[PDB]
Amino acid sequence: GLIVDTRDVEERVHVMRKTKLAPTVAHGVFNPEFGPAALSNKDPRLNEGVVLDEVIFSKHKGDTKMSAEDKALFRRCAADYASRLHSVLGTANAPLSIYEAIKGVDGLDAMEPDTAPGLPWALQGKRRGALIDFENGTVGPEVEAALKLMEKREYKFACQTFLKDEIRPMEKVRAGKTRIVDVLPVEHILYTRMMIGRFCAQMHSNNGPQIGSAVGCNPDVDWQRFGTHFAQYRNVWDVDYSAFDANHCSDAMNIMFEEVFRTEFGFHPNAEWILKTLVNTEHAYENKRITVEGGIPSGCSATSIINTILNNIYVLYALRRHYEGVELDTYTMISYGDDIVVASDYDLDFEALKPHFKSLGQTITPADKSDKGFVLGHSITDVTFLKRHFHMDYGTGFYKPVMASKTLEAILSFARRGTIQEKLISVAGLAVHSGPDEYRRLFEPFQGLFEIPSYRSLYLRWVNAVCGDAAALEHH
């Protein structure tokens, strides 16, 4: 986005500056080029001279202003994608009740009871549990009043800035490229779920290529559905973005909210408003109040869906800005936020699409960096989606999500105190697709120390998950 105002109000938003992540027994064995991101300016691992809280916001390098002609085309692509989207999902997008927003509904998980509260509830020493009854699904006086303000459309707020405590490639930890988390007031997240909760639940249920969204999918069982789909096309592209979230221009966001969340589609008038509040935001980091125009907050209730929707429109826009007579059936794509996989039978020139994505403020580059640019002829087994490859399982013939051995090694190298055992079992679900030999090697360091699931058991669990009949017929 574009930093338009930097202030120094006399109230610290003390940030958390000590990692919960610690090396495991595997760290000594795998020696990964990874490590927990820097949370403090006084981190010895940082490069001398690097000011953490200057690199954090360095991602905001402006807010691209689209011309009248470009804006007209974008609206035309937004409406077209919306048409497809609401054609599959339906028009049942009525506001969720205060109760359903908290407890959640079929296709939508419940709100986190004990996580960050936001402002100014943090400055007043209050957790979420004090403002909202997460059991019965009722709200306190504070939220109550705020919700009314949002109905009147007069509600203002500030985004709390959090240092994302996670494992990152050493080079970026040493550069100070710590990702940031935009914590929004709990009432804002609640109301957003009230406005578009029904819709989000529908997208999750109807995930797939036809709506261009993988949000809500289960890689275990859906890699077969996505795999056989893309394997039918001549060309498959693995496109990457740089600062996808931050580079959403205000023009694009506004038009997207206006075209997708119209009342005629079964939405509440305030569905469009609440989303537009994400466009112009004020961020509170310690003593500095930074006003940002453009970009998308990280802590939004539907950040992933918003990013995915945009991603779909961007592609349609870029293709229509370069070629003539481009429609939604000219290509196919699956998206999860900034993660994207495109496919088509036409020999599209993605390298030529570069300047067209720039008109949106986005910068595109080919995933694999062996080729100096986008190339044709790639298939589904060449690309990567959700940090997973598309590999064929010889025993079943189905596609299986396989993560790189380095990634898994990095994942198993670090863990937060007292959760090692529960993580191992979770990672085993990811590793199992790397084969018996690789699975065995990765968990070697943990043998005797923790319970490790047998490759056999997790393989059998998978076969039934992806196709029960196949597991049933296997007992002919």
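In case it trips you up, residue 1 is the first one in the sequence shown, and so on.
Inset, instruction - Identify the stretch, either 68-76 or 123-131, whose C-alpha atoms have the larger mean B-factor according to the entry. - result: Mean CA B-factor is higher for 123-131.
Inset, instruction - Select between 372-380 and 338-346 the stretch whose C-alpha atoms have the higher average B-factor in the entry. - result: Comparing 372-380 with 338-346, the higher mean C-alpha B-factor belongs to 372-380.
Inset, instruction - Would you mind checking which of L149, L319, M403, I211 has the top Cα temperature factor in the PDB entry? - result: Going by the entry's C-alpha B-factors, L149 comes out highest.
Inset, instruction - Please work out which residue in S434, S58, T407, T419 has the highest C-alpha B-factor recorded for this crystal structure. - result: Most elevated C-alpha B-factor of the set, per the entry: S58.
Inset, instruction - Could you look up the Cα B-factor of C467 in the entry and say which third of the chain it sits in: lowest, middle or highest? - result: It belongs to the middle third of the chain when residues are ordered by C-alpha B-factor.
Inset, instruction - Within this chain's modelled residues, let me know which third the CA B factor of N41 belongs to: lowest, middle or highest. - result: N41: CA B-factor falls in the highest third of its chain.
Legend entry - Lowest, middle or highest third - CA B-factor, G140: According to the entry, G140 has a C-alpha B-factor in the chain's highest third.
Legend entry - Position of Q447 among the chain's modelled residues by C-alpha B-factor, lowest, middle or highest third: Answer is middle: the recorded C-alpha B-factor places it there.
Legend entry - Ranked against its chain, the third holding the CA B-factor of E438: Ranked within chain, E438 CA B lands in the lowest tercile.
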